[PDB]
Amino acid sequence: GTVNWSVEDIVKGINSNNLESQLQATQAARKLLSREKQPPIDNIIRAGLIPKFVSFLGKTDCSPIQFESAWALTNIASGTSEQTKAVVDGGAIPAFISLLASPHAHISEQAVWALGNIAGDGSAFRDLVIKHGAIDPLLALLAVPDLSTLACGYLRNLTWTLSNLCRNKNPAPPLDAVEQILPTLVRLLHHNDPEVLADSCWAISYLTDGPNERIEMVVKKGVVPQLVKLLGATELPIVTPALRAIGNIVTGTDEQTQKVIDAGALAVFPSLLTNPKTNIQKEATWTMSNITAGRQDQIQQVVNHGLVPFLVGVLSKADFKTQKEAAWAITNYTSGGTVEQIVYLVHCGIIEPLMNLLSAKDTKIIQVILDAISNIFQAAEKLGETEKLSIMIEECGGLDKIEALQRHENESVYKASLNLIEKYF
């Protein structure tokens, strides 16, 4: 019937002034564009079919052709930036926004999907979709007493499109649009569907990936406790975005970081810092590094939750990126911590893994480790116990690594190693 048509046949059908022939040709185009391997998007564009599909989007009298053209244009817009641009240049944004209010649920869903692709292209098309007024009808589709009444796929597509409206920086989404979307996003963040939860967490992670004012916009809605609960979830697709969001939040002020701590986040990090998925370990160690850069009371809460031994463990054995994040965490700890907190860090066994990491090739991690060692030595100076620490480093074999780094190509490593050896060895 409409299977395995040539683009020539599709064009002949769509060029006929018979709406039923046009519908069948558009369905053939949809089926061609829905094939697993290499859909002929470029051939369809070159045939000049995008304007015809956009015109069909407005055939209120023929809902099937609306649906077929919406599907075809969705799949064209799923391709390269040039193909999405081809869809946009045909005038598809306002037509899809108009279809958002269609009485046919499948057509409205297809329009949601298409606008999601368009906005997902980048910040320019995102903001253009916003300027055409998509947020109001999109959110109206979700203004129901109980989200569970909506079809699962429909709700998932709406959540994903909203997440794409929150995505990308340079520039970040308009502030008024973020404020308009956030309430519905919190409501979705309390939904029970794993995919909806994952995409809501991804949206929140986008919104928190910026200055402290954006983070404040998010945290003032009260989402941090729910984010921590989701941090404790079993599904990795949920934990990953939740963890990214929590990390973004703790990159902000001390008060926002304290909101993360007050919600019980630290209690989850024994598992996160031992998670078998390397990316979770890296992201959790980076989050810990930003928490240890906080106040001394926040460092103390890190201590009380027994997380210093887990940092020692990650420093001792882990993927090198995770070990680098752990070195950052240790240096921040030693920079902001009290003498008591620093000696506790040493008592947990940080020196040996920290010295073993000086064998790496990355210069910046070497500089970070040397700064942490300098801070620990200052702490030991205020206690007059520098010789015990020097003996601990020498027995470990770290003095050899430092006197070797004296000959490092980088100037900062050279000077820091020489300062350490001149002042304490």
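Position 1 is the first residue in the sequence shown; the rest follow in order.
- The mean C-alpha temperature factor is higher for 142-150 when 110-118 and 142-150 are set side by side.
- Note on 25-33 vs 370-378: mean CA B-factor is higher in 370-378.
- The top Cα temperature factor in the record, among 242, 260, 343, 162, falls on 343.
- Ranked within its chain, residue 334 lands in the highest third, by CA B factor from the PDB record.
- Residue 73 sits in the lowest third of its chain by CA B factor, as recorded in the PDB entry.
- Per the deposited record, the Cα B-factor of residue 355 falls in the highest third when ranked against the other modelled residues of its chain.
- For residue 9, the recorded CA temperature factor ranks within the middle third of the chain's modelled residues.
- Residue-level temperature factors show residue 305 in the middle third of its chain, judged at the C-alpha atom.
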